[PDB]
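Pasted below: run24.cif, mmCIF, C-alpha atoms.
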```
data_model
#
loop_
_atom_site.label_atom_id
_atom_site.label_comp_id
_atom_site.auth_asym_id
_atom_site.auth_seq_id
_atom_site.Cartn_x
_atom_site.Cartn_y
_atom_site.Cartn_z
CA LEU A 1722 5.84 4.14 -9.96
CA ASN A 1723 2.49 2.51 -9.26
CA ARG A 1724 2.41 -1.33 -8.51
CA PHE A 1725 -0.39 -1.62 -11.12
CA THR A 1726 -0.38 -1.17 -14.89
CA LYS A 1727 -4.09 -0.44 -14.87
CA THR A 1728 -7.27 0.39 -12.94
CA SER A 1729 -10.47 -1.58 -12.61
CA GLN A 1730 -13.56 -0.42 -14.45
CA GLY A 1731 -15.85 1.29 -11.88
CA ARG A 1732 -15.89 0.87 -8.09
CA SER A 1733 -16.30 -2.79 -7.53
CA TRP A 1734 -13.76 -3.29 -4.67
CA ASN A 1735 -15.37 -4.23 -1.30
CA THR A 1736 -13.85 -2.85 1.95
CA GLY A 1737 -15.14 -5.94 3.85
CA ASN A 1738 -15.72 -3.49 6.70
CA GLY A 1739 -12.15 -3.55 7.94
CA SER A 1740 -11.10 -6.91 6.48
CA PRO A 1741 -7.40 -6.52 5.89
CA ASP A 1742 -5.82 -5.90 2.49
CA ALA A 1743 -2.05 -6.26 2.55
CA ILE A 1744 0.93 -6.42 0.25
CA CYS A 1745 4.42 -7.58 1.05
CA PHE A 1746 7.30 -5.52 -0.40
CA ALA A 1747 11.09 -5.56 -0.38
CA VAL A 1748 13.90 -3.44 -1.81
CA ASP A 1749 17.09 -4.02 -3.73
CA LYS A 1750 19.11 -1.19 -2.15
CA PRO A 1751 19.90 0.53 1.10
CA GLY A 1752 18.73 4.00 2.14
CA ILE A 1753 15.07 3.79 1.08
CA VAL A 1754 12.76 5.61 3.51
CA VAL A 1755 8.98 5.08 3.33
CA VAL A 1756 6.92 8.18 4.03
CA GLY A 1757 3.48 7.00 2.94
CA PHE A 1758 1.23 4.98 0.65
CA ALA A 1759 -1.39 5.61 -1.96
CA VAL A 1760 -4.79 3.98 -1.65
CA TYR A 1761 -7.78 3.79 -3.98
CA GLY A 1762 -10.94 5.67 -3.29
CA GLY A 1763 -14.40 6.24 -4.74
CA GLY A 1764 -17.74 6.31 -2.90
CA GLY A 1765 -16.84 9.17 -0.60
CA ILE A 1766 -15.21 9.38 2.78
CA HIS A 1767 -13.33 6.37 4.11
CA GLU A 1768 -12.00 5.61 7.55
CA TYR A 1769 -8.74 3.70 7.53
CA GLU A 1770 -6.21 1.90 9.64
CA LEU A 1771 -2.82 1.47 7.85
CA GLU A 1772 0.07 -0.47 9.43
CA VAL A 1773 3.66 -1.17 8.34
CA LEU A 1774 5.17 -4.44 9.51
CA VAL A 1775 8.48 -6.29 9.17
CA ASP A 1776 9.29 -10.00 8.92
CA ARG A 1789 5.79 -13.90 12.16
CA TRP A 1790 5.25 -10.10 11.65
CA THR A 1791 6.34 -7.19 13.85
CA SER A 1792 4.46 -3.85 13.72
CA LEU A 1793 6.49 -0.71 13.06
CA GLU A 1794 4.01 2.12 12.48
CA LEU A 1795 0.26 2.51 12.52
CA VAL A 1796 -1.73 5.48 11.27
CA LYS A 1797 -5.52 5.93 11.45
CA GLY A 1798 -7.37 8.61 9.53
CA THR A 1799 -9.92 9.48 6.88
CA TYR A 1800 -9.69 10.22 3.17
CA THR A 1801 -11.78 10.95 0.12
CA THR A 1802 -10.94 10.96 -3.58
CA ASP A 1803 -14.38 12.39 -4.48
CA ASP A 1804 -13.04 15.90 -4.97
CA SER A 1805 -10.60 14.82 -7.74
CA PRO A 1806 -10.30 13.25 -11.19
CA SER A 1807 -7.85 10.91 -9.49
CA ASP A 1808 -9.10 7.71 -7.87
CA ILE A 1809 -6.04 7.84 -5.54
CA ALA A 1810 -5.36 9.44 -2.14
CA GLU A 1811 -2.01 9.53 -0.41
CA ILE A 1812 -1.67 8.70 3.31
CA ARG A 1813 1.52 10.05 5.05
CA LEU A 1814 3.08 8.07 7.95
CA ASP A 1815 3.51 9.79 11.35
CA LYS A 1816 7.09 8.43 11.53
CA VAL A 1817 8.96 7.49 8.34
CA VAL A 1818 10.07 3.86 8.05
CA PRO A 1819 13.65 3.22 6.89
CA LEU A 1820 13.89 -0.17 5.16
CA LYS A 1821 16.47 -2.90 5.39
CA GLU A 1822 17.69 -4.06 2.00
CA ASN A 1823 16.38 -7.51 0.97
CA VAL A 1824 13.99 -7.73 3.92
CA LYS A 1825 10.29 -8.43 3.58
CA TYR A 1826 8.01 -5.66 4.78
CA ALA A 1827 4.26 -5.65 4.78
CA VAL A 1828 1.79 -2.83 4.58
CA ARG A 1829 -1.75 -3.63 5.69
CA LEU A 1830 -4.90 -1.54 5.15
CA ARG A 1831 -8.14 -1.88 7.05
CA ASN A 1832 -10.65 0.39 5.29
CA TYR A 1833 -14.27 1.31 6.12
CA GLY A 1834 -16.91 2.72 3.76
CA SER A 1835 -18.32 2.06 0.29
CA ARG A 1836 -16.81 0.25 -2.67
CA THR A 1837 -13.66 1.72 -4.08
CA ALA A 1838 -11.74 1.45 -7.25
CA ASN A 1839 -8.85 -1.10 -7.25
CA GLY A 1840 -5.77 -1.80 -9.40
CA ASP A 1841 -5.11 -4.65 -11.81
CA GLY A 1842 -2.24 -5.89 -13.94
CA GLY A 1843 0.02 -5.74 -10.94
CA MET A 1844 3.76 -6.03 -11.36
CA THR A 1845 5.80 -8.39 -9.21
CA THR A 1846 9.04 -6.33 -9.81
CA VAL A 1847 9.02 -2.57 -10.29
CA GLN A 1848 12.29 -0.98 -11.27
CA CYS A 1849 12.33 2.63 -10.23
CA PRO A 1850 14.15 5.21 -12.32
CA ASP A 1851 16.45 5.93 -9.39
CA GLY A 1852 18.00 2.42 -9.61
CA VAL A 1853 15.91 0.75 -6.83
CA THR A 1854 13.97 -2.39 -7.58
CA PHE A 1855 10.87 -3.00 -5.50
CA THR A 1856 9.66 -6.64 -5.30
CA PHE A 1857 5.95 -7.13 -4.49
CA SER A 1858 4.48 -10.32 -3.17
CA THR A 1859 1.26 -11.80 -1.81
CA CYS A 1860 1.10 -11.60 1.90
CA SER A 1861 -0.64 -13.85 4.42
CA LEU A 1862 -1.91 -10.82 6.37
CA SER A 1863 -4.26 -10.02 3.42
CA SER A 1864 -7.64 -11.72 3.26
CA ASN A 1865 -9.80 -9.16 1.49
CA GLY A 1866 -8.27 -10.01 -1.90
CA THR A 1867 -5.25 -7.77 -2.51
CA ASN A 1868 -2.32 -9.64 -4.10
CA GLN A 1869 0.57 -9.09 -6.50
CA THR A 1870 -1.94 -8.63 -9.40
CA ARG A 1871 -4.92 -6.65 -8.10
CA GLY A 1872 -6.59 -4.74 -5.28
CA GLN A 1873 -5.49 -1.98 -2.88
CA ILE A 1874 -2.32 0.00 -2.23
CA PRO A 1875 -1.12 1.12 -5.70
CA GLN A 1876 1.96 2.99 -4.49
CA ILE A 1877 4.60 3.34 -1.81
CA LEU A 1878 5.81 6.89 -1.32
CA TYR A 1879 9.52 7.01 -0.57
CA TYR A 1880 12.81 8.88 -1.01
CA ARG A 1881 16.43 7.62 -0.91
CA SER A 1882 18.81 8.71 1.83
#
```
How does the structure come out when it is put into structure tokens?
Amino acid sequence: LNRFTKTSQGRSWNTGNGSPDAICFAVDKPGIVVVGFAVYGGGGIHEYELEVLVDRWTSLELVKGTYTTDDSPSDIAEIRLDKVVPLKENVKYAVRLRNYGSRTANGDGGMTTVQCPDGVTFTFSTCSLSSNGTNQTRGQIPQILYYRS
């Protein structure tokens, strides 16, 4: 369900004051609709810009907001998109986070292919829009929130 098999010890992940973290994803099947993403927290309230793009990169949807995971035993908050994004099968998408605030948790032991119980395989890959460190193995954006239509 989550990209990552594990979580970092403590909150060592820098936000780089808006320096982009991104991951590039693609699906096996038609009908997948993205409604949101999970992001790591810790260190209180964060301001974020989160953008979905499609392969040069074209922007599809941008949300801006704030979140905290301080009120929870979870290190993860879920951001909902303002318009859902229906994906093309076997097409590379990117999600990009610009985050502002203190150090957060991050994920590790990232999986390049995640087979969902519903039959869909998600393929995760490193994405040139990311420069703050997120890649297939570690960093931000542990989950994509979706349903099949």
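In this structure, atom CA of residue 1813 of chain A sits 16.2 Å away from atom CA of residue 1881 of chain A.
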Discussion item. For a quick check of understanding, using all atoms listed in the file, which of A:1724, A:1744, A:1809, A:1815 has the smallest distance to residue 1866 of chain A?
Written reply: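 Closest to residue 1866 of chain A of all the choices is A:1744.
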Could you give me, as a Markdown table, a per-residue list for segment 1770-1849 of chain A showing, wherever an atom lies at most 9 Å from an atom of segment 1755-1766 of chain A, the closest pair of atoms and their distance in Å to one decimal, using all atoms listed in the file and sorting by chain then residue number from low to high?
```
| residue | atom | partner | partner_atom | distance |
| --- | --- | --- | --- | --- |
| A:1771 | CA | A:1758 | CA | 9.0 |
| A:1799 | CA | A:1766 | CA | 6.7 |
| A:1800 | CA | A:1766 | CA | 5.6 |
| A:1801 | CA | A:1766 | CA | 4.6 |
| A:1802 | CA | A:1762 | CA | 5.3 |
| A:1803 | CA | A:1765 | CA | 5.6 |
| A:1804 | CA | A:1765 | CA | 8.9 |
| A:1807 | CA | A:1762 | CA | 8.7 |
| A:1808 | CA | A:1762 | CA | 5.3 |
| A:1809 | CA | A:1761 | CA | 4.7 |
| A:1810 | CA | A:1760 | CA | 5.5 |
| A:1811 | CA | A:1759 | CA | 4.3 |
| A:1812 | CA | A:1758 | CA | 5.4 |
| A:1813 | CA | A:1757 | CA | 4.2 |
| A:1814 | CA | A:1757 | CA | 5.1 |
| A:1815 | CA | A:1756 | CA | 8.2 |
| A:1816 | CA | A:1756 | CA | 7.5 |
| A:1817 | CA | A:1756 | CA | 4.8 |
| A:1818 | CA | A:1755 | CA | 5.0 |
| A:1819 | CA | A:1755 | CA | 6.2 |
| A:1820 | CA | A:1755 | CA | 7.4 |
| A:1828 | CA | A:1758 | CA | 8.8 |
| A:1830 | CA | A:1760 | CA | 8.8 |
| A:1833 | CA | A:1766 | CA | 8.8 |
| A:1834 | CA | A:1766 | CA | 6.9 |
| A:1835 | CA | A:1764 | CA | 5.3 |
| A:1836 | CA | A:1764 | CA | 6.1 |
| A:1837 | CA | A:1763 | CA | 4.6 |
| A:1838 | CA | A:1761 | CA | 5.6 |
| A:1839 | CA | A:1761 | CA | 6.0 |
| A:1840 | CA | A:1761 | CA | 8.0 |
```
Worksheet item: Mind pulling up the distance from atom CA of residue 1749 of chain A to atom CA of residue 1882 of chain A?
Response: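 These atoms are spaced 14.0 Å apart.
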Practice prompt. Go through the shown structure with the PyMOL selection byres ((chain A and resi 1862) around 12) and write out the matching residues as an MDAnalysis selection string.
Written response: chainID A and resid 1740:1745 1772:1776 1789:1792 1826:1831 1858:1861 1863:1868
Would you put the residues from that selection into a file with C-alpha atoms, as a PDB file, in the coordinates of the input?
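Generated output (out-v6.pdb):
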```pdb
ATOM      1  CA  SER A1740     -11.100  -6.910   6.480  1.00  0.00           C
ATOM      2  CA  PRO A1741      -7.400  -6.520   5.890  1.00  0.00           C
ATOM      3  CA  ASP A1742      -5.820  -5.900   2.490  1.00  0.00           C
ATOM      4  CA  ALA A1743      -2.050  -6.260   2.550  1.00  0.00           C
ATOM      5  CA  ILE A1744       0.930  -6.420   0.250  1.00  0.00           C
ATOM      6  CA  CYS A1745       4.420  -7.580   1.050  1.00  0.00           C
ATOM      7  CA  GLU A1772       0.070  -0.470   9.430  1.00  0.00           C
ATOM      8  CA  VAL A1773       3.660  -1.170   8.340  1.00  0.00           C
ATOM      9  CA  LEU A1774       5.170  -4.440   9.510  1.00  0.00           C
ATOM     10  CA  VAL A1775       8.480  -6.290   9.170  1.00  0.00           C
ATOM     11  CA  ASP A1776       9.290 -10.000   8.920  1.00  0.00           C
ATOM     12  CA  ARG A1789       5.790 -13.900  12.160  1.00  0.00           C
ATOM     13  CA  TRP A1790       5.250 -10.100  11.650  1.00  0.00           C
ATOM     14  CA  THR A1791       6.340  -7.190  13.850  1.00  0.00           C
ATOM     15  CA  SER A1792       4.460  -3.850  13.720  1.00  0.00           C
ATOM     16  CA  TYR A1826       8.010  -5.660   4.780  1.00  0.00           C
ATOM     17  CA  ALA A1827       4.260  -5.650   4.780  1.00  0.00           C
ATOM     18  CA  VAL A1828       1.790  -2.830   4.580  1.00  0.00           C
ATOM     19  CA  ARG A1829      -1.750  -3.630   5.690  1.00  0.00           C
ATOM     20  CA  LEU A1830      -4.900  -1.540   5.150  1.00  0.00           C
ATOM     21  CA  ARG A1831      -8.140  -1.880   7.050  1.00  0.00           C
ATOM     22  CA  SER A1858       4.480 -10.320  -3.170  1.00  0.00           C
ATOM     23  CA  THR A1859       1.260 -11.800  -1.810  1.00  0.00           C
ATOM     24  CA  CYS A1860       1.100 -11.600   1.900  1.00  0.00           C
ATOM     25  CA  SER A1861      -0.640 -13.850   4.420  1.00  0.00           C
ATOM     26  CA  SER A1863      -4.260 -10.020   3.420  1.00  0.00           C
ATOM     27  CA  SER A1864      -7.640 -11.720   3.260  1.00  0.00           C
ATOM     28  CA  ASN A1865      -9.800  -9.160   1.490  1.00  0.00           C
ATOM     29  CA  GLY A1866      -8.270 -10.010  -1.900  1.00  0.00           C
ATOM     30  CA  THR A1867      -5.250  -7.770  -2.510  1.00  0.00           C
ATOM     31  CA  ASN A1868      -2.320  -9.640  -4.100  1.00  0.00           C
TER      32      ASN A1868
END
```
Item to complete: Step by step, work through what the PyMOL selection byres ((chain A and resi 1845) around 8) selects in the shown file, and finish by giving those residues as a list in words.
Response: residues 1724, 1843, 1844, 1846, 1847, 1856, 1857, 1858, 1869 and 1870 of chain A
Would you give the centre and edge lengths, in Å to one decimal, of a box along x, y and z around the listed atoms of segment 1766-1796 of chain A, with 3 Å added to each side, as JSON?
```
{"center_x": -3.0, "center_y": -2.3, "center_z": 8.3, "size_x": 30.5, "size_y": 29.3, "size_z": 17.1}
```
Item to complete: Spell out the residues picked by the PyMOL selection byres ((chain A and resi 1726) around 6) here, as a PyMOL selection string.
Response: chain A and resi 1725+1727+1842
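Of note, atom CA of residue 1874 of chain A and atom CA of residue 1723 of chain A are spaced 8.9 Å apart.
With all atoms listed in the file as the atoms that count, the minimum distance from residue 1747 of chain A to the choices A:1848, A:1873, A:1832, A:1730 is reached by A:1848.
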Worksheet entry | Nearest to residue 1770 of chain A by atom-to-atom distance, counting all atoms listed in the file, from A:1805, A:1736, A:1746, A:1823 | A:1736
Write out as a PDB file with C-alpha atoms, in the frame of the given file each polymer residue whose atoms come within 7 Å of residue 1751 of chain A, counting all atoms listed in the file; drop sequence neighbours fewer than 2 positions from it.
```
ATOM      1  CA  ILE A1753      15.070   3.790   1.080  1.00  0.00           C
ATOM      2  CA  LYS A1821      16.470  -2.900   5.390  1.00  0.00           C
ATOM      3  CA  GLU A1822      17.690  -4.060   2.000  1.00  0.00           C
TER       4      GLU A1822
END
```
Complete segment 1809-1832 of chain A with N, CA, C and O atoms (output as a PDB file, keeping the file's coordinate frame).
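So part11.pdb came out as:
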```
ATOM      1  N   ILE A1809      -7.108   8.173  -6.501  1.00  0.00           N
ATOM      2  CA  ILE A1809      -6.040   7.840  -5.540  1.00  0.00           C
ATOM      3  C   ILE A1809      -5.786   8.950  -4.528  1.00  0.00           C
ATOM      4  O   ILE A1809      -5.631  10.112  -4.893  1.00  0.00           O
ATOM      5  N   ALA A1810      -5.792   8.575  -3.249  1.00  0.00           N
ATOM      6  CA  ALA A1810      -5.360   9.440  -2.140  1.00  0.00           C
ATOM      7  C   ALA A1810      -4.043   8.931  -1.583  1.00  0.00           C
ATOM      8  O   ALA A1810      -3.765   7.742  -1.605  1.00  0.00           O
ATOM      9  N   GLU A1811      -3.282   9.838  -0.995  1.00  0.00           N
ATOM     10  CA  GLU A1811      -2.010   9.530  -0.410  1.00  0.00           C
ATOM     11  C   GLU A1811      -2.080   9.714   1.096  1.00  0.00           C
ATOM     12  O   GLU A1811      -2.442  10.782   1.561  1.00  0.00           O
ATOM     13  N   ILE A1812      -1.768   8.656   1.845  1.00  0.00           N
ATOM     14  CA  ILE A1812      -1.670   8.700   3.310  1.00  0.00           C
ATOM     15  C   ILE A1812      -0.184   8.809   3.734  1.00  0.00           C
ATOM     16  O   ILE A1812       0.628   7.994   3.350  1.00  0.00           O
ATOM     17  N   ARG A1813       0.163   9.827   4.506  1.00  0.00           N
ATOM     18  CA  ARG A1813       1.520  10.050   5.050  1.00  0.00           C
ATOM     19  C   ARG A1813       1.672   9.303   6.394  1.00  0.00           C
ATOM     20  O   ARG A1813       0.749   9.302   7.199  1.00  0.00           O
ATOM     21  N   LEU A1814       2.827   8.685   6.651  1.00  0.00           N
ATOM     22  CA  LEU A1814       3.080   8.070   7.950  1.00  0.00           C
ATOM     23  C   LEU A1814       3.406   9.127   9.001  1.00  0.00           C
ATOM     24  O   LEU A1814       3.919  10.188   8.658  1.00  0.00           O
ATOM     25  N   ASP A1815       3.118   8.858  10.271  1.00  0.00           N
ATOM     26  CA  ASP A1815       3.510   9.790  11.350  1.00  0.00           C
ATOM     27  C   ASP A1815       5.006   9.745  11.632  1.00  0.00           C
ATOM     28  O   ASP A1815       5.581  10.755  11.994  1.00  0.00           O
ATOM     29  N   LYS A1816       5.619   8.562  11.522  1.00  0.00           N
ATOM     30  CA  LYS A1816       7.090   8.430  11.530  1.00  0.00           C
ATOM     31  C   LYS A1816       7.459   7.663  10.269  1.00  0.00           C
ATOM     32  O   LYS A1816       6.829   6.655   9.985  1.00  0.00           O
ATOM     33  N   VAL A1817       8.467   8.143   9.537  1.00  0.00           N
ATOM     34  CA  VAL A1817       8.960   7.490   8.340  1.00  0.00           C
ATOM     35  C   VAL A1817       9.555   6.148   8.711  1.00  0.00           C
ATOM     36  O   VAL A1817       9.935   5.954   9.851  1.00  0.00           O
ATOM     37  N   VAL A1818       9.560   5.201   7.769  1.00  0.00           N
ATOM     38  CA  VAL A1818      10.070   3.860   8.050  1.00  0.00           C
ATOM     39  C   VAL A1818      11.234   3.607   7.095  1.00  0.00           C
ATOM     40  O   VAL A1818      11.063   3.542   5.874  1.00  0.00           O
ATOM     41  N   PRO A1819      12.452   3.604   7.645  1.00  0.00           N
ATOM     42  CA  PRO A1819      13.650   3.220   6.890  1.00  0.00           C
ATOM     43  C   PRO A1819      13.714   1.708   6.693  1.00  0.00           C
ATOM     44  O   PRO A1819      13.558   0.969   7.651  1.00  0.00           O
ATOM     45  N   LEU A1820      13.915   1.261   5.461  1.00  0.00           N
ATOM     46  CA  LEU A1820      13.890  -0.170   5.160  1.00  0.00           C
ATOM     47  C   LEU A1820      15.258  -0.807   5.145  1.00  0.00           C
ATOM     48  O   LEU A1820      16.228  -0.216   4.660  1.00  0.00           O
ATOM     49  N   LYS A1821      15.323  -2.041   5.637  1.00  0.00           N
ATOM     50  CA  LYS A1821      16.470  -2.900   5.390  1.00  0.00           C
ATOM     51  C   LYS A1821      16.380  -3.508   3.996  1.00  0.00           C
ATOM     52  O   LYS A1821      15.331  -4.010   3.552  1.00  0.00           O
ATOM     53  N   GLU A1822      17.499  -3.430   3.302  1.00  0.00           N
ATOM     54  CA  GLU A1822      17.690  -4.060   2.000  1.00  0.00           C
ATOM     55  C   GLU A1822      17.383  -5.559   2.106  1.00  0.00           C
ATOM     56  O   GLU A1822      17.761  -6.215   3.075  1.00  0.00           O
ATOM     57  N   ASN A1823      16.671  -6.076   1.109  1.00  0.00           N
ATOM     58  CA  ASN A1823      16.380  -7.510   0.970  1.00  0.00           C
ATOM     59  C   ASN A1823      15.652  -8.117   2.156  1.00  0.00           C
ATOM     60  O   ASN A1823      15.810  -9.308   2.455  1.00  0.00           O
ATOM     61  N   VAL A1824      14.835  -7.291   2.819  1.00  0.00           N
ATOM     62  CA  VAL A1824      13.990  -7.730   3.920  1.00  0.00           C
ATOM     63  C   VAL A1824      12.537  -7.503   3.541  1.00  0.00           C
ATOM     64  O   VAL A1824      12.183  -6.447   2.991  1.00  0.00           O
ATOM     65  N   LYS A1825      11.707  -8.502   3.847  1.00  0.00           N
ATOM     66  CA  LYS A1825      10.290  -8.430   3.580  1.00  0.00           C
ATOM     67  C   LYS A1825       9.547  -7.536   4.561  1.00  0.00           C
ATOM     68  O   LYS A1825       9.548  -7.764   5.742  1.00  0.00           O
ATOM     69  N   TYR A1826       8.920  -6.499   4.036  1.00  0.00           N
ATOM     70  CA  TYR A1826       8.010  -5.660   4.780  1.00  0.00           C
ATOM     71  C   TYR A1826       6.601  -5.966   4.325  1.00  0.00           C
ATOM     72  O   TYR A1826       6.384  -6.562   3.293  1.00  0.00           O
ATOM     73  N   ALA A1827       5.645  -5.579   5.132  1.00  0.00           N
ATOM     74  CA  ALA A1827       4.260  -5.650   4.780  1.00  0.00           C
ATOM     75  C   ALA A1827       3.621  -4.329   5.136  1.00  0.00           C
ATOM     76  O   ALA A1827       3.953  -3.694   6.167  1.00  0.00           O
ATOM     77  N   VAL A1828       2.730  -3.890   4.260  1.00  0.00           N
ATOM     78  CA  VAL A1828       1.790  -2.830   4.580  1.00  0.00           C
ATOM     79  C   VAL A1828       0.359  -3.399   4.531  1.00  0.00           C
ATOM     80  O   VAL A1828      -0.017  -4.130   3.593  1.00  0.00           O
ATOM     81  N   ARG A1829      -0.435  -3.053   5.534  1.00  0.00           N
ATOM     82  CA  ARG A1829      -1.750  -3.630   5.690  1.00  0.00           C
ATOM     83  C   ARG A1829      -2.745  -2.486   5.889  1.00  0.00           C
ATOM     84  O   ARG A1829      -2.540  -1.602   6.709  1.00  0.00           O
ATOM     85  N   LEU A1830      -3.805  -2.516   5.095  1.00  0.00           N
ATOM     86  CA  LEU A1830      -4.900  -1.540   5.150  1.00  0.00           C
ATOM     87  C   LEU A1830      -6.161  -2.225   5.667  1.00  0.00           C
ATOM     88  O   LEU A1830      -6.530  -3.300   5.195  1.00  0.00           O
ATOM     89  N   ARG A1831      -6.783  -1.592   6.653  1.00  0.00           N
ATOM     90  CA  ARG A1831      -8.140  -1.880   7.050  1.00  0.00           C
ATOM     91  C   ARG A1831      -8.944  -0.619   6.724  1.00  0.00           C
ATOM     92  O   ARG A1831      -8.645   0.437   7.248  1.00  0.00           O
ATOM     93  N   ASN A1832      -9.948  -0.753   5.863  1.00  0.00           N
ATOM     94  CA  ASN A1832     -10.650   0.390   5.290  1.00  0.00           C
ATOM     95  C   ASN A1832     -12.155   0.253   5.580  1.00  0.00           C
ATOM     96  O   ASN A1832     -12.649  -0.859   5.661  1.00  0.00           O
TER      97      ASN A1832
END
```
